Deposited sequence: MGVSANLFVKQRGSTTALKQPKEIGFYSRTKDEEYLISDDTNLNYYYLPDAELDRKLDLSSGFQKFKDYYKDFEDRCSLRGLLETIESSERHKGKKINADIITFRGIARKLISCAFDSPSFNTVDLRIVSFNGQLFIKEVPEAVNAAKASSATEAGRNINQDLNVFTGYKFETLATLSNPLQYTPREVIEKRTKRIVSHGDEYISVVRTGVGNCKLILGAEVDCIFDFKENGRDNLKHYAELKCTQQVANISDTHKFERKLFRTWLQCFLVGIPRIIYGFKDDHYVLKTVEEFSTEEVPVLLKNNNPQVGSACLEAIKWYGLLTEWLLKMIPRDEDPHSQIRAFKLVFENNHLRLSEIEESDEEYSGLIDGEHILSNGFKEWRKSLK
């Protein structure tokens, strides 16, 4: 009886713009999975002078003492801090946020890039959905419980560059010894600052949680800081014409990541073989579509195709008939989403399934205190 539907991944819509991103709030996540709503202890500040690029800074240094906390988390992809942040913005104004879909920027990017990247290259994942009066979308974790250590070292390299280029407090409030210790400092992952952004495409209104690296120039208290953030990005050599094309495909995915949530600056480090930081370069998020149209037309073309697909995708998430029954005490429904063989597939999770009793009755998708917030109107 219930919903089953498929969307063809190379079909595209008509939307070519996003509603201007605005910051609802923020939270920081501790290494202990505690969520600190309206708290910014994990927001870093950028600092890396041009003179530092003359020094042969090594991005492999300290790999053996890496604190990867994120592996040990009980619910790696949990919505809890996003929902708990939304509730705090609703409590002081007495009404729901008018939005249709609540999700992470990472899930929005993983969807949109299906239009271009095949399931293996994309690293396709299960996505899982429910309604309450709006759609809530969650990623299913990787199930893990250029090869082996040489892939883990290329992952670590990104977290070390983000640790070398930043400070935990403003430069003006940081003592000189903390700047000198910075090359010896332990690198860690799963200790984020997450901004909560309101946005939209066509007629769809969206709330995206977005993990941000640092603030580039300055912080304004009690205001949208969205124009002050930057993304610092993972690093590679460029020494030949075909290296420019390998870079341009990474720069497109990086523009897509910033554009969805209004981050205006992208900063790239570059490496030799081995792990010496060779150079740094910086891009405004507005340059990238023009820069790609000039240097590589068939990649620069994808910037419009991505948004024409993002609108089609989000309209068909609402038009593939999940119930949007508004009364927050009416019975819920619950669905899978996949990408498989140029189709995206969606199916209800009927009450016989092991998931169905737990996403409907229990903690696995929406927090009990959030269900009480909204059922108390």
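S.K.: May I ask you to mark the stretches of the deposited sequence that the structure leaves without C-alpha coordinates?
M.R.: No C-alpha for residues 146 to 155, nothing else.
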